[PDB]
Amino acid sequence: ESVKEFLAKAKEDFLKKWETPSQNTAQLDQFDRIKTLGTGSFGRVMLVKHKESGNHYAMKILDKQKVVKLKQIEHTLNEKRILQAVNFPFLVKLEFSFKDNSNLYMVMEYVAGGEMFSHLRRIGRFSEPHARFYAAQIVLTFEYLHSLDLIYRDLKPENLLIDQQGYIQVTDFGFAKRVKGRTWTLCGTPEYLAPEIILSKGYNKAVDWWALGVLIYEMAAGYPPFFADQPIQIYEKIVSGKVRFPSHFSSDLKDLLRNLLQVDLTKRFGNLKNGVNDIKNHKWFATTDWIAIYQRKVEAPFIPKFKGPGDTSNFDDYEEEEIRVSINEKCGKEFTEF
């Protein structure tokens, strides 16, 4: 309806940026680095303050040598190329990007509410209305991303930030990829991998819908549907694919989850003839006003405490390390396009 024209225009905007990416829009000495907000397997994100504007941002710093060592060059180029090109209410904005002799930098809006992860572990679990509010935003976000032929591949509470209005901001496009049809990389987070990833047969955007299943379950249960102490045991459970539900889950929720956590691709919601509408029109989401969610007019069920720009109280503390920059350029050719 107005979704089609919306998405069509969205694609035009995205493609222009995808075709001619922004580069080199800031420099290191334009910011004062304050505190580490979070880390991933080979990245660190710091709260910084931009000198000339006074604004705070979140600076993701990647050591080029580590990226190379881990064979993540192409992924890293994907991450930045895609992030600089997208535009959606629940995707974090990339404000600047640049590189120096040693590191790559992606400077994003600072989302001060913290990871969904920390709130979820602390509180224990989210009620179904609360989980539903967040899930709706992810459904819309994947509808947008997929329409651009993008697959996100890293949905998890750790990569979802809560903004000052209580809405979600998706972060970490490390595994995002523009692909028409099928791909094969074993990547993601173990608990969230679709079986077809694990079984190495090639996969498509449907893996995102599976992961949404895992996210909804975890939000509403307080623990993932497939957990164990080591990744290998997790994969065994996923591939078995037997799911059990908490006693408090509604019938509607369970029915939705059986259709998302569905090994059979001919049967998995999101992957059928009716596409995302099989999800939007499911009884679990009957109370959801899809347009109002997009417009951010729904009252958030939780609104984290804010305490003044630069407040980091919604984030765990991390050990700090010096940001080295060598007088010798590292991996210059590899990252030419960054």
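Think of the rigid core as the biggest set of C-alphas that the two forms share within 1.5 Å after superposition. So that there is no doubt, residue numbering starts at 1 and follows the sequence shown.
Larger average C-alpha displacement in 5 other deposited structures of this protein, relative to the shown form after a rigid core fit, is seen for 46-54 when comparing 294-302 with 46-54. Once the rigid core is used to overlay the structures in 5 other deposited structures of this protein, the stretch among 159-167 and 109-117 whose CA atoms lie farther from this form is 109-117. Gaps at residue 41 occur in none of the other compared entries of the protein that contain both adjacent residues, all of which model it rather than a third dropping it. Among other deposited entries of this protein with both flanking residues present, none omit coordinates for residue 288; it is modelled throughout, well short of a third.
The PDB entry reports B-factors from which the mean C-alpha value can be compared for 13-21 and 318-326; the larger average falls on 318-326.
Stretches 238-246 and 220-228 differ in mean CA B factor, with 238-246 having the higher one. Across 42, 269, 57, 31, the entry's maximum B-factor at the CA atom is seen for 42. In the deposited coordinates, the residue among 174, 129, 181, 157 with the greatest CA B-factor is 181. When the CA B factors of the chain's modelled residues are split into thirds, the value for residue 264 lands in the highest one. When the modelled residues of the chain are ordered by their C-alpha B factor, residue 164 lands in the highest third. Among the modelled residues of its chain, residue 147 has a C-alpha B-factor that falls in the middle third according to the deposited record. In the PDB entry, residue 289 places in the highest third of its chain by CA B-factor. When the modelled residues of the chain are ordered by their C-alpha B factor, residue 26 lands in the lowest third.
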